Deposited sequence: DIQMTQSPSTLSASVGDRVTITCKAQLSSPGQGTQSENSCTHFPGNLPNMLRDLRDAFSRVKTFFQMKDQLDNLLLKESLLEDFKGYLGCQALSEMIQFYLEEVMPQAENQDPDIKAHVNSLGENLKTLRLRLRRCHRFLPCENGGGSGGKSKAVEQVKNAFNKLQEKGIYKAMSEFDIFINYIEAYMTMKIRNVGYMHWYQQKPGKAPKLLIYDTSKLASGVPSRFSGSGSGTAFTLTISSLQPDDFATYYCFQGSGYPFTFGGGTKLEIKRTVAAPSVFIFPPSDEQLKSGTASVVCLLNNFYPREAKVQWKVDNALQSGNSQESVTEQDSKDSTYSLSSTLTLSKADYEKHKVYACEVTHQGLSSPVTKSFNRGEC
């Protein structure tokens, strides 16, 4: 279970500014499904250790040497950048160069070694089926192979005696991989529309995404940077993870674009005759293309300030000029509406030096 803390939750920046959205990952400890695969990895390590425990003495006694073959240099490779390639090379080494010739003595030993090899093959297939563990995308393995070559017959015995160490290295690699997110992806969503792939594989630009966007990060910290903000970058941005089931998203960042103060144009619409026939009267006040979003719209019916009988609605920020529009609808019963004469909408906004009133007489 991988969760993503995304910050800031909301953000308001100016054209040309540089904005960084952070997605911090938090992990939680989790047969033929990927959903329970990294939770079932300890069980495969258990199967491997049991089977090898039943042959360890035979091979440690048959190998009468004392030079460690799998040195920690191999583990340094495993947990490094090319660790995937190192691990799969080691798996192939054991499956093709050591195990076919080690399993042919007693039926008991043969059964145990064949179970070890079958688990290695099944692990290879599963890593390949799930979350892009395989295929990948190392002088220690070369040294292992060279020593094994020099050791002729005794080499197989040596590698089989150190299979426990090999198991531990596999365990360390898988533990490092599951305590980290391989890739972070990013989606951009415009209001009322499906998300659009913005960045994938942590740093790659999706289709139609300009150079202004970039991605970065590793392990548990990831970032999405817009170097030069543009009016069309208004949106909600979500980081997304496909490295583990369930797939999860960030909390999201809503991004508004700052611009110069623009005063609204105020219009007023009286109720239609068609609606008045039905027993209701709706008076609509329209504030068109203004910035910032904050505006004060009050209804006055025969100079009486109204309360509780109007609802506002405001558009999402314009992706071109960065402005808003707002409607305020005053709803009355027809009888109530005909008890009065003057209907006024009064607008206070930063772009207006004094409040603007649009009114009409019934």
Wait, which stretches of the deposited chain are just not there in the structure?
-> 31-36, 144-151, 377-379
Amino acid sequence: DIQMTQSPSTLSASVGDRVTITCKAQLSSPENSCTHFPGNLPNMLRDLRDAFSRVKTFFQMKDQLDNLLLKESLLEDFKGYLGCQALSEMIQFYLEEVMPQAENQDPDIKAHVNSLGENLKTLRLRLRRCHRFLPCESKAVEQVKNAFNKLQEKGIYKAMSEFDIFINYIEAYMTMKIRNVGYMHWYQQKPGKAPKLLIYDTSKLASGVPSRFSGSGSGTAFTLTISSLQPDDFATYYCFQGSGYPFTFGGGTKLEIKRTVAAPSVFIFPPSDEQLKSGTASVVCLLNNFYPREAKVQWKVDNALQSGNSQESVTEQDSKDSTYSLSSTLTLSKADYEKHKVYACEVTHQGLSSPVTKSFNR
From here on, numbers count along this sequence of modelled residues.
298-306 versus 54-62 - which carries the larger mean C-alpha B factor in the record | 54-62
Hey, which bit's got the bigger mean C-alpha B factor in the entry, 206-214 or 97-105?
-> 97-105
Check the PDB entry and point out which of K79, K190, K277, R126 has the largest C-alpha temperature factor.
-> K79
Looking at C285, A281, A147, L120, which has the biggest Cα B factor in the entry?
-> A147
Quick one: classify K110 as lowest, middle or highest third of the chain based on its Cα B-factor.
-> middle
Looking at the entry's B-factor column for C-alpha atoms only, identify whether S161 ranks in the lowest, middle or highest third of its chain.
-> highest
For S28, return the chain-relative third of its C-alpha B-factor as stated in the PDB record: lowest, middle or highest.
-> highest
Using the B-factor values recorded in the entry, state whether the Cα atom of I21 falls in the lowest, middle or highest third among the modelled residues of its chain.
-> middle
Can you tell me which third, lowest, middle or highest, the CA B-factor of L330 falls into for its chain?
-> lowest
